[PDB]
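Enquirer: So that you have it, the file is model.txt, and it contains compact mmCIF, N, CA and C atoms:
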```
# COMPACT_ATOMS: atom_id res chain seq x y z
N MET Y 1 39.71 -49.76 -45.31
CA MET Y 1 40.35 -49.83 -46.64
C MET Y 1 41.42 -48.75 -46.76
N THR Y 2 42.57 -49.14 -47.29
CA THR Y 2 43.71 -48.25 -47.40
C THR Y 2 43.43 -47.06 -48.33
N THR Y 3 43.68 -45.86 -47.83
CA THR Y 3 43.47 -44.64 -48.60
C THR Y 3 44.37 -44.61 -49.84
N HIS Y 4 45.64 -44.96 -49.66
CA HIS Y 4 46.58 -45.01 -50.77
C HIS Y 4 46.18 -46.06 -51.79
N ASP Y 5 45.35 -47.01 -51.36
CA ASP Y 5 44.90 -48.09 -52.23
C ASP Y 5 43.72 -47.64 -53.09
N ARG Y 6 42.82 -46.86 -52.49
CA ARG Y 6 41.66 -46.35 -53.22
C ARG Y 6 42.07 -45.38 -54.32
N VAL Y 7 43.12 -44.60 -54.07
CA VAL Y 7 43.64 -43.69 -55.08
C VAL Y 7 44.27 -44.49 -56.23
N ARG Y 8 44.80 -45.66 -55.91
CA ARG Y 8 45.32 -46.58 -56.92
C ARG Y 8 44.19 -47.02 -57.84
N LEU Y 9 43.04 -47.33 -57.24
CA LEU Y 9 41.86 -47.74 -57.98
C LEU Y 9 41.40 -46.61 -58.90
N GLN Y 10 41.50 -45.38 -58.41
CA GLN Y 10 41.17 -44.20 -59.19
C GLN Y 10 42.05 -44.11 -60.44
N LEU Y 11 43.33 -44.39 -60.27
CA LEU Y 11 44.27 -44.40 -61.39
C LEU Y 11 43.85 -45.43 -62.43
N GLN Y 12 43.34 -46.56 -61.96
CA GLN Y 12 42.88 -47.62 -62.84
C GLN Y 12 41.54 -47.27 -63.47
N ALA Y 13 40.76 -46.43 -62.79
CA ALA Y 13 39.50 -45.95 -63.33
C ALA Y 13 39.76 -45.03 -64.52
N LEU Y 14 40.77 -44.17 -64.38
CA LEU Y 14 41.20 -43.31 -65.47
C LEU Y 14 41.76 -44.16 -66.61
N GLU Y 15 42.50 -45.20 -66.23
CA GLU Y 15 43.06 -46.14 -67.19
C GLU Y 15 41.95 -46.83 -67.98
N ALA Y 16 40.89 -47.22 -67.27
CA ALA Y 16 39.73 -47.87 -67.89
C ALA Y 16 39.05 -46.93 -68.88
N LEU Y 17 39.00 -45.65 -68.52
CA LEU Y 17 38.41 -44.63 -69.38
C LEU Y 17 39.21 -44.50 -70.67
N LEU Y 18 40.53 -44.58 -70.56
CA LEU Y 18 41.41 -44.52 -71.72
C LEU Y 18 41.41 -45.84 -72.47
N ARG Y 19 40.90 -46.89 -71.83
CA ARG Y 19 40.79 -48.20 -72.45
C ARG Y 19 39.55 -48.25 -73.34
N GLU Y 20 38.46 -47.66 -72.86
CA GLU Y 20 37.24 -47.55 -73.65
C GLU Y 20 37.45 -46.54 -74.77
N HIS Y 21 37.95 -45.37 -74.40
CA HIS Y 21 38.21 -44.31 -75.35
C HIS Y 21 39.68 -44.37 -75.72
N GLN Y 22 40.04 -45.53 -76.27
CA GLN Y 22 41.41 -45.87 -76.64
C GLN Y 22 42.23 -44.69 -77.16
N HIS Y 23 42.99 -44.10 -76.26
CA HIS Y 23 43.97 -43.07 -76.59
C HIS Y 23 45.23 -43.32 -75.78
N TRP Y 24 45.38 -44.57 -75.35
CA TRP Y 24 46.48 -44.98 -74.49
C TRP Y 24 47.81 -44.91 -75.24
N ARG Y 25 48.81 -44.33 -74.59
CA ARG Y 25 50.13 -44.18 -75.17
C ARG Y 25 51.15 -45.02 -74.42
N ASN Y 26 52.03 -45.67 -75.17
CA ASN Y 26 53.08 -46.47 -74.57
C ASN Y 26 54.43 -46.01 -75.10
N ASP Y 27 55.19 -45.33 -74.26
CA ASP Y 27 56.50 -44.83 -74.64
C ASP Y 27 57.57 -45.89 -74.41
N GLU Y 28 58.55 -45.92 -75.29
CA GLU Y 28 59.72 -46.75 -75.09
C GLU Y 28 60.77 -45.92 -74.37
N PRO Y 29 60.86 -46.08 -73.02
CA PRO Y 29 61.52 -45.16 -72.10
C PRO Y 29 62.48 -44.16 -72.73
N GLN Y 30 61.92 -43.07 -73.25
CA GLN Y 30 62.70 -42.01 -73.86
C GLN Y 30 63.05 -40.95 -72.83
N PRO Y 31 64.33 -40.89 -72.43
CA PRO Y 31 64.80 -39.97 -71.39
C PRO Y 31 64.60 -38.52 -71.78
N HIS Y 32 64.54 -38.26 -73.08
CA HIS Y 32 64.31 -36.92 -73.61
C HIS Y 32 63.02 -36.34 -73.05
N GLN Y 33 62.04 -37.21 -72.80
CA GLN Y 33 60.73 -36.77 -72.33
C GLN Y 33 60.77 -36.35 -70.86
N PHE Y 34 61.75 -36.86 -70.12
CA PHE Y 34 61.81 -36.61 -68.68
C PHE Y 34 62.93 -35.63 -68.34
N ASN Y 35 63.96 -35.58 -69.18
CA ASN Y 35 65.12 -34.72 -68.93
C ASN Y 35 64.83 -33.28 -69.29
N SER Y 36 63.61 -33.01 -69.72
CA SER Y 36 63.12 -31.65 -69.82
C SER Y 36 62.81 -31.15 -68.42
N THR Y 37 62.39 -32.09 -67.57
CA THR Y 37 62.19 -31.85 -66.15
C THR Y 37 61.09 -30.80 -65.91
N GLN Y 38 60.16 -30.73 -66.85
CA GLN Y 38 58.99 -29.86 -66.70
C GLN Y 38 57.92 -30.55 -65.86
N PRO Y 39 57.14 -29.78 -65.10
CA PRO Y 39 56.09 -30.33 -64.22
C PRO Y 39 55.03 -31.12 -65.00
N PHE Y 40 54.71 -30.65 -66.19
CA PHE Y 40 53.69 -31.29 -67.02
C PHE Y 40 54.23 -31.68 -68.39
N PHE Y 41 55.55 -31.54 -68.56
CA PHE Y 41 56.21 -31.82 -69.84
C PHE Y 41 55.48 -31.14 -71.01
N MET Y 42 55.29 -29.83 -70.89
CA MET Y 42 54.45 -29.08 -71.81
C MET Y 42 55.13 -28.88 -73.16
N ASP Y 43 56.44 -28.68 -73.14
CA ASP Y 43 57.18 -28.40 -74.36
C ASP Y 43 57.81 -29.65 -74.94
N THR Y 44 57.83 -30.71 -74.14
CA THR Y 44 58.47 -31.94 -74.55
C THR Y 44 57.53 -32.79 -75.38
N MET Y 45 56.24 -32.63 -75.13
CA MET Y 45 55.21 -33.35 -75.86
C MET Y 45 53.86 -32.73 -75.51
N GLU Y 46 52.78 -33.32 -75.98
CA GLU Y 46 51.46 -32.81 -75.67
C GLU Y 46 51.16 -33.04 -74.19
N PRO Y 47 50.53 -32.05 -73.52
CA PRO Y 47 50.22 -32.13 -72.09
C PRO Y 47 49.34 -33.32 -71.73
N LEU Y 48 48.80 -33.98 -72.74
CA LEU Y 48 47.94 -35.14 -72.54
C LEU Y 48 48.77 -36.39 -72.23
N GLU Y 49 50.02 -36.40 -72.69
CA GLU Y 49 50.89 -37.56 -72.50
C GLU Y 49 51.55 -37.54 -71.12
N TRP Y 50 51.16 -36.57 -70.30
CA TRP Y 50 51.63 -36.51 -68.93
C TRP Y 50 50.67 -37.28 -68.02
N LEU Y 51 49.38 -37.16 -68.32
CA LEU Y 51 48.32 -37.81 -67.55
C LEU Y 51 48.56 -39.31 -67.47
N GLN Y 52 48.79 -39.92 -68.61
CA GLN Y 52 49.08 -41.34 -68.67
C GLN Y 52 50.58 -41.55 -68.84
N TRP Y 53 51.02 -42.78 -68.59
CA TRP Y 53 52.44 -43.16 -68.71
C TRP Y 53 53.28 -42.57 -67.57
N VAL Y 54 53.13 -41.28 -67.30
CA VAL Y 54 53.88 -40.65 -66.23
C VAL Y 54 53.07 -40.61 -64.94
N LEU Y 55 52.01 -39.80 -64.92
CA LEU Y 55 51.25 -39.55 -63.70
C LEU Y 55 50.76 -40.84 -63.03
N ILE Y 56 50.08 -41.69 -63.79
CA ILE Y 56 49.48 -42.89 -63.23
C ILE Y 56 50.52 -43.79 -62.53
N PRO Y 57 51.58 -44.27 -63.23
CA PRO Y 57 52.59 -45.13 -62.59
C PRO Y 57 53.39 -44.39 -61.52
N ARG Y 58 53.59 -43.09 -61.72
CA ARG Y 58 54.29 -42.26 -60.75
C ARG Y 58 53.56 -42.28 -59.41
N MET Y 59 52.24 -42.13 -59.47
CA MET Y 59 51.42 -42.13 -58.26
C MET Y 59 51.31 -43.53 -57.67
N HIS Y 60 51.34 -44.56 -58.52
CA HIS Y 60 51.31 -45.95 -58.05
C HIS Y 60 52.41 -46.18 -57.01
N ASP Y 61 53.62 -45.76 -57.35
CA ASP Y 61 54.77 -45.92 -56.47
C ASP Y 61 54.66 -45.01 -55.25
N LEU Y 62 54.17 -43.79 -55.48
CA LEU Y 62 54.02 -42.81 -54.41
C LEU Y 62 53.05 -43.33 -53.35
N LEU Y 63 51.93 -43.86 -53.81
CA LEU Y 63 50.91 -44.42 -52.93
C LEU Y 63 51.47 -45.59 -52.14
N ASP Y 64 52.23 -46.44 -52.82
CA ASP Y 64 52.80 -47.63 -52.20
C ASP Y 64 53.85 -47.27 -51.15
N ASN Y 65 54.59 -46.20 -51.40
CA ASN Y 65 55.65 -45.77 -50.48
C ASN Y 65 55.10 -45.02 -49.28
N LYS Y 66 53.78 -45.09 -49.10
CA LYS Y 66 53.11 -44.48 -47.94
C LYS Y 66 53.28 -42.96 -47.93
N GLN Y 67 53.65 -42.40 -49.08
CA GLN Y 67 53.89 -40.96 -49.17
C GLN Y 67 52.58 -40.19 -49.05
N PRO Y 68 52.59 -39.09 -48.30
CA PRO Y 68 51.43 -38.21 -48.15
C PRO Y 68 50.98 -37.63 -49.49
N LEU Y 69 49.69 -37.42 -49.63
CA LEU Y 69 49.13 -36.93 -50.88
C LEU Y 69 49.25 -35.41 -50.95
N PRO Y 70 49.80 -34.89 -52.06
CA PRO Y 70 49.87 -33.44 -52.29
C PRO Y 70 48.52 -32.78 -52.07
N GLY Y 71 48.44 -31.98 -51.01
CA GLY Y 71 47.19 -31.40 -50.58
C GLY Y 71 46.52 -30.52 -51.62
N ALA Y 72 47.31 -29.90 -52.47
CA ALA Y 72 46.76 -28.99 -53.47
C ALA Y 72 46.95 -29.54 -54.88
N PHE Y 73 47.00 -30.86 -54.99
CA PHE Y 73 47.11 -31.50 -56.29
C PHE Y 73 45.78 -31.38 -57.03
N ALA Y 74 45.80 -30.65 -58.13
CA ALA Y 74 44.61 -30.47 -58.94
C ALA Y 74 44.99 -30.34 -60.41
N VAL Y 75 44.70 -31.37 -61.19
CA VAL Y 75 45.04 -31.37 -62.60
C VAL Y 75 43.82 -31.05 -63.46
N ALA Y 76 42.64 -31.17 -62.87
CA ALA Y 76 41.40 -30.86 -63.57
C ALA Y 76 41.40 -29.42 -64.11
N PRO Y 77 41.70 -28.40 -63.27
CA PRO Y 77 41.74 -26.99 -63.72
C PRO Y 77 42.78 -26.76 -64.82
N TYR Y 78 43.77 -27.64 -64.89
CA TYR Y 78 44.80 -27.53 -65.92
C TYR Y 78 44.27 -28.06 -67.25
N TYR Y 79 43.75 -29.28 -67.22
CA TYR Y 79 43.25 -29.92 -68.43
C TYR Y 79 41.96 -29.28 -68.92
N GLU Y 80 41.35 -28.46 -68.07
CA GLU Y 80 40.19 -27.67 -68.46
C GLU Y 80 40.58 -26.68 -69.56
N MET Y 81 41.85 -26.31 -69.58
CA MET Y 81 42.36 -25.39 -70.59
C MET Y 81 43.17 -26.16 -71.63
N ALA Y 82 43.92 -27.16 -71.17
CA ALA Y 82 44.78 -27.95 -72.05
C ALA Y 82 43.96 -28.77 -73.04
N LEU Y 83 42.79 -29.21 -72.61
CA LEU Y 83 41.90 -29.97 -73.47
C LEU Y 83 40.79 -29.06 -73.97
N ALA Y 84 40.76 -28.86 -75.29
CA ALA Y 84 39.85 -27.92 -75.92
C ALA Y 84 38.38 -28.22 -75.61
N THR Y 85 37.59 -27.15 -75.55
CA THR Y 85 36.17 -27.25 -75.26
C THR Y 85 35.40 -27.87 -76.42
N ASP Y 86 36.07 -27.99 -77.56
CA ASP Y 86 35.46 -28.45 -78.80
C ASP Y 86 35.05 -29.92 -78.72
N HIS Y 87 35.49 -30.60 -77.68
CA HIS Y 87 35.11 -31.98 -77.46
C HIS Y 87 34.36 -32.09 -76.13
N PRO Y 88 33.02 -31.91 -76.16
CA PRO Y 88 32.18 -31.88 -74.95
C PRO Y 88 32.31 -33.14 -74.09
N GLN Y 89 32.71 -34.25 -74.72
CA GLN Y 89 32.90 -35.51 -74.01
C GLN Y 89 34.11 -35.45 -73.07
N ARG Y 90 34.79 -34.30 -73.06
CA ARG Y 90 35.92 -34.10 -72.16
C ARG Y 90 35.45 -34.14 -70.72
N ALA Y 91 34.15 -33.91 -70.52
CA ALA Y 91 33.54 -33.92 -69.20
C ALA Y 91 33.78 -35.26 -68.50
N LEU Y 92 33.80 -36.34 -69.27
CA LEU Y 92 34.05 -37.67 -68.72
C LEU Y 92 35.44 -37.73 -68.10
N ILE Y 93 36.41 -37.19 -68.82
CA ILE Y 93 37.79 -37.16 -68.36
C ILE Y 93 37.92 -36.20 -67.19
N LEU Y 94 37.32 -35.03 -67.32
CA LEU Y 94 37.37 -34.01 -66.28
C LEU Y 94 36.74 -34.53 -64.99
N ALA Y 95 35.65 -35.27 -65.10
CA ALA Y 95 34.98 -35.84 -63.94
C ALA Y 95 35.90 -36.81 -63.21
N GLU Y 96 36.65 -37.60 -63.96
CA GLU Y 96 37.63 -38.51 -63.38
C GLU Y 96 38.79 -37.72 -62.76
N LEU Y 97 39.15 -36.61 -63.39
CA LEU Y 97 40.21 -35.75 -62.89
C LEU Y 97 39.80 -35.08 -61.58
N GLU Y 98 38.62 -34.45 -61.59
CA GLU Y 98 38.10 -33.79 -60.40
C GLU Y 98 37.90 -34.78 -59.26
N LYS Y 99 37.66 -36.04 -59.63
CA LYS Y 99 37.48 -37.11 -58.66
C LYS Y 99 38.84 -37.52 -58.08
N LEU Y 100 39.85 -37.55 -58.95
CA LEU Y 100 41.22 -37.83 -58.53
C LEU Y 100 41.73 -36.71 -57.62
N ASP Y 101 41.58 -35.48 -58.09
CA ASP Y 101 41.99 -34.30 -57.32
C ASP Y 101 41.26 -34.27 -55.98
N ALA Y 102 40.02 -34.75 -55.97
CA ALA Y 102 39.21 -34.80 -54.76
C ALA Y 102 39.79 -35.78 -53.74
N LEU Y 103 40.57 -36.74 -54.21
CA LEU Y 103 41.21 -37.70 -53.32
C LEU Y 103 42.45 -37.10 -52.70
N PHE Y 104 43.17 -36.29 -53.47
CA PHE Y 104 44.34 -35.59 -52.96
C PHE Y 104 43.92 -34.48 -51.99
N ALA Y 105 42.75 -33.92 -52.24
CA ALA Y 105 42.18 -32.92 -51.34
C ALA Y 105 41.33 -33.59 -50.27
N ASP Y 106 41.45 -34.91 -50.17
CA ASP Y 106 40.68 -35.68 -49.19
C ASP Y 106 41.54 -35.99 -47.97
N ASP Y 107 42.60 -36.75 -48.18
CA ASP Y 107 43.50 -37.10 -47.09
C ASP Y 107 44.48 -35.96 -46.86
N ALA Y 108 44.24 -35.20 -45.80
CA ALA Y 108 45.02 -34.01 -45.53
C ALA Y 108 46.12 -34.28 -44.51
N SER Y 109 45.79 -35.01 -43.46
CA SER Y 109 46.74 -35.23 -42.39
C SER Y 109 46.96 -36.72 -42.13
N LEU Y 110 48.10 -37.21 -42.60
CA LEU Y 110 48.52 -38.56 -42.28
C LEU Y 110 49.19 -38.56 -40.91
N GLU Y 111 48.65 -39.35 -39.99
CA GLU Y 111 49.14 -39.38 -38.62
C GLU Y 111 50.56 -39.94 -38.56
N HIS Y 112 51.43 -39.21 -37.89
CA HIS Y 112 52.81 -39.64 -37.73
C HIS Y 112 52.96 -40.49 -36.48
N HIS Y 113 52.72 -41.79 -36.63
CA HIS Y 113 52.88 -42.71 -35.52
C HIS Y 113 54.31 -43.24 -35.49
N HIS Y 114 55.09 -42.74 -34.55
CA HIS Y 114 56.48 -43.14 -34.41
C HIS Y 114 56.56 -44.56 -33.87
N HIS Y 115 57.76 -45.12 -33.84
CA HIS Y 115 57.95 -46.48 -33.37
C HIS Y 115 58.00 -46.51 -31.85
N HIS Y 116 58.40 -45.39 -31.26
CA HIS Y 116 58.45 -45.26 -29.82
C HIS Y 116 58.24 -43.80 -29.43
N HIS Y 117 57.61 -43.58 -28.28
CA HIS Y 117 57.41 -42.23 -27.77
C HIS Y 117 58.57 -41.84 -26.88
```
If you convert what's in this file into structure tokens, what do you get?

Expert:
Amino acid sequence: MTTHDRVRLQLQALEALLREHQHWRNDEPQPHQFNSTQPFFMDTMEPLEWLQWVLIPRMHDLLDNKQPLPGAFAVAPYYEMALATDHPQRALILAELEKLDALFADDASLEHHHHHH
């Protein structure tokens, strides 16, 4: 089973979580949100609107383009602070995050098989 494909499923697992706990956001391609060019768009909007709409579809294309997974990609430690402790059910989201991050920390070395030696 394709590694880049399983991470796609993970993205859909997070999507499913946002489907049950309906907090899904749909932006009408506002360039203002991206032309800030921040890693997490912290000042452009709430750090929560980075996880969905941006991260999920962004990774969809990345996975498809056979691109190697960022070895130190970890958003769980970020949202651990970005998402207040006042909502204990955040563990559900964090578990999905730590699981996602665990996939980026899973595939470390993609073999470079050239077309000819």

Enquirer: Return as lines of an AutoDock Vina configuration file the centre and edge lengths, in Å with one decimal, of the box along x, y and z that encloses every atom of stretch 23-28 of chain Y in the file, padded by 6 Å per side.

Expert:
```
center_x = 51.9
center_y = -44.9
center_z = -75.4
size_x = 29.8
size_y = 15.7
size_z = 14.3
```

Enquirer: Provide the atom CA of residue Y:41 to atom C of residue Y:92 distance in Å, to one decimal place.

Expert: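 So the answer is 21.7 Å.
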
Enquirer: Which residues are near residue Y:50? Cut-off 6.5 Å, only N, CA and C atoms, ignore same chain within fewer than 5 positions. Put them as a list in words.

Expert: residues 40, 41, 55 and 56 of chain Y

Enquirer: Atoms to include: N, CA and C atoms. Write the selected residues as an mmCIF file, in the frame of the given file.

Expert:
```
data_model
loop_
_atom_site.group_PDB
_atom_site.id
_atom_site.type_symbol
_atom_site.label_atom_id
_atom_site.label_comp_id
_atom_site.auth_asym_id
_atom_site.auth_seq_id
_atom_site.Cartn_x
_atom_site.Cartn_y
_atom_site.Cartn_z
ATOM 1 N N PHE Y 40 54.710 -30.650 -66.190
ATOM 2 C CA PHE Y 40 53.690 -31.290 -67.020
ATOM 3 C C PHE Y 40 54.230 -31.680 -68.390
ATOM 4 N N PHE Y 41 55.550 -31.540 -68.560
ATOM 5 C CA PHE Y 41 56.210 -31.820 -69.840
ATOM 6 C C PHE Y 41 55.480 -31.140 -71.010
ATOM 7 N N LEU Y 55 52.010 -39.800 -64.920
ATOM 8 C CA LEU Y 55 51.250 -39.550 -63.700
ATOM 9 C C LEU Y 55 50.760 -40.840 -63.030
ATOM 10 N N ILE Y 56 50.080 -41.690 -63.790
ATOM 11 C CA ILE Y 56 49.480 -42.890 -63.230
ATOM 12 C C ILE Y 56 50.520 -43.790 -62.530
#
```

Enquirer: From stretch 49-111 of chain Y, collect each residue whose DSSP state is helix (DSSP H, G or I) and return the set as a ChimeraX atom specification.

Expert: /Y:49-64,76-82,90-104

Enquirer: Would you save the residues of that selection, restricted to N, CA and C atoms, as an mmCIF file, keeping the file's coordinate frame?

Expert:
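Contents of the output file selection.cif:
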```
data_model
loop_
_atom_site.group_PDB
_atom_site.id
_atom_site.type_symbol
_atom_site.label_atom_id
_atom_site.label_comp_id
_atom_site.auth_asym_id
_atom_site.auth_seq_id
_atom_site.Cartn_x
_atom_site.Cartn_y
_atom_site.Cartn_z
ATOM 1 N N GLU Y 49 50.020 -36.400 -72.690
ATOM 2 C CA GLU Y 49 50.890 -37.560 -72.500
ATOM 3 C C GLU Y 49 51.550 -37.540 -71.120
ATOM 4 N N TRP Y 50 51.160 -36.570 -70.300
ATOM 5 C CA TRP Y 50 51.630 -36.510 -68.930
ATOM 6 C C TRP Y 50 50.670 -37.280 -68.020
ATOM 7 N N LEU Y 51 49.380 -37.160 -68.320
ATOM 8 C CA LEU Y 51 48.320 -37.810 -67.550
ATOM 9 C C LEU Y 51 48.560 -39.310 -67.470
ATOM 10 N N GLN Y 52 48.790 -39.920 -68.610
ATOM 11 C CA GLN Y 52 49.080 -41.340 -68.670
ATOM 12 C C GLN Y 52 50.580 -41.550 -68.840
ATOM 13 N N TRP Y 53 51.020 -42.780 -68.590
ATOM 14 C CA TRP Y 53 52.440 -43.160 -68.710
ATOM 15 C C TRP Y 53 53.280 -42.570 -67.570
ATOM 16 N N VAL Y 54 53.130 -41.280 -67.300
ATOM 17 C CA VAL Y 54 53.880 -40.650 -66.230
ATOM 18 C C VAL Y 54 53.070 -40.610 -64.940
ATOM 19 N N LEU Y 55 52.010 -39.800 -64.920
ATOM 20 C CA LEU Y 55 51.250 -39.550 -63.700
ATOM 21 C C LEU Y 55 50.760 -40.840 -63.030
ATOM 22 N N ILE Y 56 50.080 -41.690 -63.790
ATOM 23 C CA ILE Y 56 49.480 -42.890 -63.230
ATOM 24 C C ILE Y 56 50.520 -43.790 -62.530
ATOM 25 N N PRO Y 57 51.580 -44.270 -63.230
ATOM 26 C CA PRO Y 57 52.590 -45.130 -62.590
ATOM 27 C C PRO Y 57 53.390 -44.390 -61.520
ATOM 28 N N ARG Y 58 53.590 -43.090 -61.720
ATOM 29 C CA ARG Y 58 54.290 -42.260 -60.750
ATOM 30 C C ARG Y 58 53.560 -42.280 -59.410
ATOM 31 N N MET Y 59 52.240 -42.130 -59.470
ATOM 32 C CA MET Y 59 51.420 -42.130 -58.260
ATOM 33 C C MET Y 59 51.310 -43.530 -57.670
ATOM 34 N N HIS Y 60 51.340 -44.560 -58.520
ATOM 35 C CA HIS Y 60 51.310 -45.950 -58.050
ATOM 36 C C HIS Y 60 52.410 -46.180 -57.010
ATOM 37 N N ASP Y 61 53.620 -45.760 -57.350
ATOM 38 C CA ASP Y 61 54.770 -45.920 -56.470
ATOM 39 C C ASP Y 61 54.660 -45.010 -55.250
ATOM 40 N N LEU Y 62 54.170 -43.790 -55.480
ATOM 41 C CA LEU Y 62 54.020 -42.810 -54.410
ATOM 42 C C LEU Y 62 53.050 -43.330 -53.350
ATOM 43 N N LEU Y 63 51.930 -43.860 -53.810
ATOM 44 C CA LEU Y 63 50.910 -44.420 -52.930
ATOM 45 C C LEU Y 63 51.470 -45.590 -52.140
ATOM 46 N N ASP Y 64 52.230 -46.440 -52.820
ATOM 47 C CA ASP Y 64 52.800 -47.630 -52.200
ATOM 48 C C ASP Y 64 53.850 -47.270 -51.150
ATOM 49 N N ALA Y 76 42.640 -31.170 -62.870
ATOM 50 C CA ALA Y 76 41.400 -30.860 -63.570
ATOM 51 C C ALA Y 76 41.400 -29.420 -64.110
ATOM 52 N N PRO Y 77 41.700 -28.400 -63.270
ATOM 53 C CA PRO Y 77 41.740 -26.990 -63.720
ATOM 54 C C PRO Y 77 42.780 -26.760 -64.820
ATOM 55 N N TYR Y 78 43.770 -27.640 -64.890
ATOM 56 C CA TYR Y 78 44.800 -27.530 -65.920
ATOM 57 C C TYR Y 78 44.270 -28.060 -67.250
ATOM 58 N N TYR Y 79 43.750 -29.280 -67.220
ATOM 59 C CA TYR Y 79 43.250 -29.920 -68.430
ATOM 60 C C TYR Y 79 41.960 -29.280 -68.920
ATOM 61 N N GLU Y 80 41.350 -28.460 -68.070
ATOM 62 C CA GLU Y 80 40.190 -27.670 -68.460
ATOM 63 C C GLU Y 80 40.580 -26.680 -69.560
ATOM 64 N N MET Y 81 41.850 -26.310 -69.580
ATOM 65 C CA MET Y 81 42.360 -25.390 -70.590
ATOM 66 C C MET Y 81 43.170 -26.160 -71.630
ATOM 67 N N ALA Y 82 43.920 -27.160 -71.170
ATOM 68 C CA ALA Y 82 44.780 -27.950 -72.050
ATOM 69 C C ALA Y 82 43.960 -28.770 -73.040
ATOM 70 N N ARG Y 90 34.790 -34.300 -73.060
ATOM 71 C CA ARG Y 90 35.920 -34.100 -72.160
ATOM 72 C C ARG Y 90 35.450 -34.140 -70.720
ATOM 73 N N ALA Y 91 34.150 -33.910 -70.520
ATOM 74 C CA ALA Y 91 33.540 -33.920 -69.200
ATOM 75 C C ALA Y 91 33.780 -35.260 -68.500
ATOM 76 N N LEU Y 92 33.800 -36.340 -69.270
ATOM 77 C CA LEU Y 92 34.050 -37.670 -68.720
ATOM 78 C C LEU Y 92 35.440 -37.730 -68.100
ATOM 79 N N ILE Y 93 36.410 -37.190 -68.820
ATOM 80 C CA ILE Y 93 37.790 -37.160 -68.360
ATOM 81 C C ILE Y 93 37.920 -36.200 -67.190
ATOM 82 N N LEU Y 94 37.320 -35.030 -67.320
ATOM 83 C CA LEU Y 94 37.370 -34.010 -66.280
ATOM 84 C C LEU Y 94 36.740 -34.530 -64.990
ATOM 85 N N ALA Y 95 35.650 -35.270 -65.100
ATOM 86 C CA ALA Y 95 34.980 -35.840 -63.940
ATOM 87 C C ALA Y 95 35.900 -36.810 -63.210
ATOM 88 N N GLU Y 96 36.650 -37.600 -63.960
ATOM 89 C CA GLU Y 96 37.630 -38.510 -63.380
ATOM 90 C C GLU Y 96 38.790 -37.720 -62.760
ATOM 91 N N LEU Y 97 39.150 -36.610 -63.390
ATOM 92 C CA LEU Y 97 40.210 -35.750 -62.890
ATOM 93 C C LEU Y 97 39.800 -35.080 -61.580
ATOM 94 N N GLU Y 98 38.620 -34.450 -61.590
ATOM 95 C CA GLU Y 98 38.100 -33.790 -60.400
ATOM 96 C C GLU Y 98 37.900 -34.780 -59.260
ATOM 97 N N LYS Y 99 37.660 -36.040 -59.630
ATOM 98 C CA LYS Y 99 37.480 -37.110 -58.660
ATOM 99 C C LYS Y 99 38.840 -37.520 -58.080
ATOM 100 N N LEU Y 100 39.850 -37.550 -58.950
ATOM 101 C CA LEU Y 100 41.220 -37.830 -58.530
ATOM 102 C C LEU Y 100 41.730 -36.710 -57.620
ATOM 103 N N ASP Y 101 41.580 -35.480 -58.090
ATOM 104 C CA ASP Y 101 41.990 -34.300 -57.320
ATOM 105 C C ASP Y 101 41.260 -34.270 -55.980
ATOM 106 N N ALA Y 102 40.020 -34.750 -55.970
ATOM 107 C CA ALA Y 102 39.210 -34.800 -54.760
ATOM 108 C C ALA Y 102 39.790 -35.780 -53.740
ATOM 109 N N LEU Y 103 40.570 -36.740 -54.210
ATOM 110 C CA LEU Y 103 41.210 -37.700 -53.320
ATOM 111 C C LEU Y 103 42.450 -37.100 -52.700
ATOM 112 N N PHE Y 104 43.170 -36.290 -53.470
ATOM 113 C CA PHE Y 104 44.340 -35.590 -52.960
ATOM 114 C C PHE Y 104 43.920 -34.480 -51.990
#
```

Enquirer: Please work out which residues fall within 12 Å of (47.0, -24.7, -72.6), coordinates as given in the file, with only C-alpha atoms counting, and return them as a list in words.

Expert: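 Nearby residues: residues 40, 41, 42, 43, 46, 47, 48, 77, 78, 79, 80, 81, 82, 83, 84 and 85 of chain Y.
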
Enquirer: Output N, CA and C atoms for every residue in that selection, as a compact mmCIF listing (two decimals), keeping the file's coordinate frame.

Expert:
```txt
# COMPACT_ATOMS: atom_id res chain seq x y z
N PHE Y 40 54.71 -30.65 -66.19
CA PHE Y 40 53.69 -31.29 -67.02
C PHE Y 40 54.23 -31.68 -68.39
N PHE Y 41 55.55 -31.54 -68.56
CA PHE Y 41 56.21 -31.82 -69.84
C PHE Y 41 55.48 -31.14 -71.01
N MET Y 42 55.29 -29.83 -70.89
CA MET Y 42 54.45 -29.08 -71.81
C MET Y 42 55.13 -28.88 -73.16
N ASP Y 43 56.44 -28.68 -73.14
CA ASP Y 43 57.18 -28.40 -74.36
C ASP Y 43 57.81 -29.65 -74.94
N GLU Y 46 52.78 -33.32 -75.98
CA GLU Y 46 51.46 -32.81 -75.67
C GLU Y 46 51.16 -33.04 -74.19
N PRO Y 47 50.53 -32.05 -73.52
CA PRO Y 47 50.22 -32.13 -72.09
C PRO Y 47 49.34 -33.32 -71.73
N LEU Y 48 48.80 -33.98 -72.74
CA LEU Y 48 47.94 -35.14 -72.54
C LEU Y 48 48.77 -36.39 -72.23
N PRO Y 77 41.70 -28.40 -63.27
CA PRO Y 77 41.74 -26.99 -63.72
C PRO Y 77 42.78 -26.76 -64.82
N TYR Y 78 43.77 -27.64 -64.89
CA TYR Y 78 44.80 -27.53 -65.92
C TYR Y 78 44.27 -28.06 -67.25
N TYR Y 79 43.75 -29.28 -67.22
CA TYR Y 79 43.25 -29.92 -68.43
C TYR Y 79 41.96 -29.28 -68.92
N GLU Y 80 41.35 -28.46 -68.07
CA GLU Y 80 40.19 -27.67 -68.46
C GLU Y 80 40.58 -26.68 -69.56
N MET Y 81 41.85 -26.31 -69.58
CA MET Y 81 42.36 -25.39 -70.59
C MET Y 81 43.17 -26.16 -71.63
N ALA Y 82 43.92 -27.16 -71.17
CA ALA Y 82 44.78 -27.95 -72.05
C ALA Y 82 43.96 -28.77 -73.04
N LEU Y 83 42.79 -29.21 -72.61
CA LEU Y 83 41.90 -29.97 -73.47
C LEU Y 83 40.79 -29.06 -73.97
N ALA Y 84 40.76 -28.86 -75.29
CA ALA Y 84 39.85 -27.92 -75.92
C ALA Y 84 38.38 -28.22 -75.61
N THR Y 85 37.59 -27.15 -75.55
CA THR Y 85 36.17 -27.25 -75.26
C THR Y 85 35.40 -27.87 -76.42
```
